[PDB]
Amino acid sequence: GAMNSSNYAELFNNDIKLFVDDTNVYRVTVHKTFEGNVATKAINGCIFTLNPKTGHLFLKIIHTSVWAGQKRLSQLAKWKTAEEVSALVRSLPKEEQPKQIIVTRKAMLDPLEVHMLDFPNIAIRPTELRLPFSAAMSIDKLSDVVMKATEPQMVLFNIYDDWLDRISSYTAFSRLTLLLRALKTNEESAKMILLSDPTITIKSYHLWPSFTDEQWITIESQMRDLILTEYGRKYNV
Amino acid sequence: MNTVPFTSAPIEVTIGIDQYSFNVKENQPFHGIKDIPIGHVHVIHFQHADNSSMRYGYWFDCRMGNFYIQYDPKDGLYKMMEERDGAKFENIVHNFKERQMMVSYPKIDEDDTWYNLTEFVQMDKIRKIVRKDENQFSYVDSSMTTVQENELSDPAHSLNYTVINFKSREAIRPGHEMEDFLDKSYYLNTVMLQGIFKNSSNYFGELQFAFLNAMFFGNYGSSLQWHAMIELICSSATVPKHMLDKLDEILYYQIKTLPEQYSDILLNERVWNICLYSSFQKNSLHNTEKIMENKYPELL
Ligand SMILES: CC[C@H](CO)NC(=O)c1ccc(N)cc1
């Protein structure tokens with residue numbers, strides 16, 4: 001069934017599972033035409049497929065050529081997502097295949113179920129959490145590889161950098177969701193927080209800055225301030 | 001015109017014969033139903049006055065044998081039986097008619113309702129859905145489950161309707177996942193019609209039998225089967241024109257005949273709104289859409 005606050009520690013047990021977020025698969029800019037009509041122009045997108053226990057991110061880059069000559073792109077985007085996730089699962093060794101796939105939007109359930117009929121023992125689940133994975137394209141290195149792609153491409157990341165050497169998966173996921181929530185609520189301020197002190201750098205093989213344990217506590221505090229504030233600036237409170 | 005005699009009526013019961021019904025009191029001198037039209041299947045069905053639980057009955061075709069009803073006080077129900085001695089049967093029937101001991105199948109001359117509800121229904125196909133090969137007639141009741149219901153528990157007492165499942169490897173060709181799920185024409189036309197049913201007449205026969213078991217016995221699995229078979233057609237972009245026109249007629253007479261007070265449990269809101277207003281065939285069922293809008297506009 002659905003994943004929510006009550007079964008949250010299930011994410012960090014030893015059954016392999018993947019979140020799939022499709023909110024950045026089909027991306028467009030809306031513009032005026034010479035005749036004063038409106039048109040869309042697609043830009044490269046990505047499927048965000050994340051193991052929340054290990055941090056492994058399977059980022060399938062969706063090149064705009066996949067949309068050429070196709071109709072009803074927002075519907076096709078769900079099926080393309082399901083096709084790519086199914087291809088990913090089949091590419092993994094049996095012992096690496098997930099036992100559950102959790103979709104961040106319920107409209108992915110039927111496309112994924114149909115593409116995974118071959119895998120009757122993989123549970124496809126929705127969630128009641130409002131997870132901030134749409135903000136993945138606010139991570140500079142992820143945005144950069146999506147925008148530069150000239151063809152379909154899969155790129156593997158660990159979205160936790162080396163955090164698991166010092167903290168548990170539960171704590172790492174909590175930090176990740178706090179960072180992404182902040183970036184989603186106010187990208188400019190969130191990014192100012194992360195990069196203000198130039199002495200803290202992002203390693204070449206990492207996505208986030210190399211904060212000490214004490215600096216992460218300060219950082220996390222500043223992100224919660226931001227989220228509560230914007231919640232004021234937004235509701236006037 | 002054929003006859004189904006009753007040995008007696010020891011318990012008070014409402015007896016149905018197709019779309020008609022009449023109350024019989026406990027031990028009321030009653031011996032049967034005469035003037036039953038030849039050429040159609042028929043259903044004779046029962047609801048006891050003490051236990052409205054378990055409606056039950058018998059599908060039969062008088063051309064296949066001489067059938068009568070006899071109450072069994074051990075199993076507590078009216079049982080259909082075949083009389084193999086034709087002279088004994090003619091004699092029993094003639095005697096009960098002479099004594100005016102049988103009610104009349106009360107068909108209005110103008111009325112094609114029963115034909116229209118059973119056009120494609122054949123006894124031989126009924127007997128493959130309801131498996132009991134030693135009898136020429138078929139028992140159905142409110143509680144019997146379908147093969148597909150049992151997959152999600154006694155197999156001998158099951159309704160072996162053709163399994164339809166839109167999220168199944170039978171319905172979905174590798175590589176056409178989106179195409180086959182959003183347009184079910186290959187499942188309808190290749191898998192089911194060409195492969196399993198062979199022709200649209202057998203498809204419509206099973207659809208019509210499923211509805212009638214839903215209506216007459218409140219059989220929930222039959223209602224599920226009826227709606228699935230409707231939805232499979234309406235969710236196909238490519239359907240022969242003669243099938244769409246016949247489906248419209250079939251459903252029209254089903255909706256016309258449905259008890260008005262049973263529409264809440266026998267009609268699935270999602271399927272009907274999808275079929276009439278969202279599906280490929282939203283504009284192909286004019287008669288059915290008109291009667292649905294005038295008779296059950298709440299559902300929609
Ligand atoms: C069996 C129902 C039918 C109704 O026409 N016959 C009678 O009701 C009936 C009653 C008494 C008789 N001697 C003959 C007949």
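Atom set for the values below is all heavy atoms of this structure, side chains included, hydrogens, waters and symmetry mates excluded. Here is the naming used below: chain letters follow the sequence lines, and residue numbers restart at 1 for every chain. Counting starts at 1 for both ligands and their atoms, in listed order.
For the pair A:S86 (side chain) and A:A82 (backbone), a donor-acceptor distance under 3.5 Å is absent. Listed for the B:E179 side chain is no donor-acceptor partner under 3.5 Å among the backbone atoms of B:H176. For B:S21 (side chain) and B:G16 (main-chain N/O), no donor-acceptor pair under 3.5 Å exists by modelled atom type.
Less than 4.0 angstrom separates atom 6 (N) of ligand 1 from at least one non-hydrogen atom of the protein.
Close N/O approach between B:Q100 and ligand 1 is found [any backbone or side-chain N/O within under 3.5 Å].
Atom 14 (C) of ligand 1 has B:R99 O, 3.2 Å as its closest protein atom, hydrogens excluded (heavy atom only). Remark: minimum distance from atom 12 (C) of ligand 1 to any protein heavy atom is reached at B:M101 CE, 3.8 Å.
Within 6.0 Å of CD on B:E134 lie more than 12 heavy atoms contributed by other residues, nucleotides or ligands.
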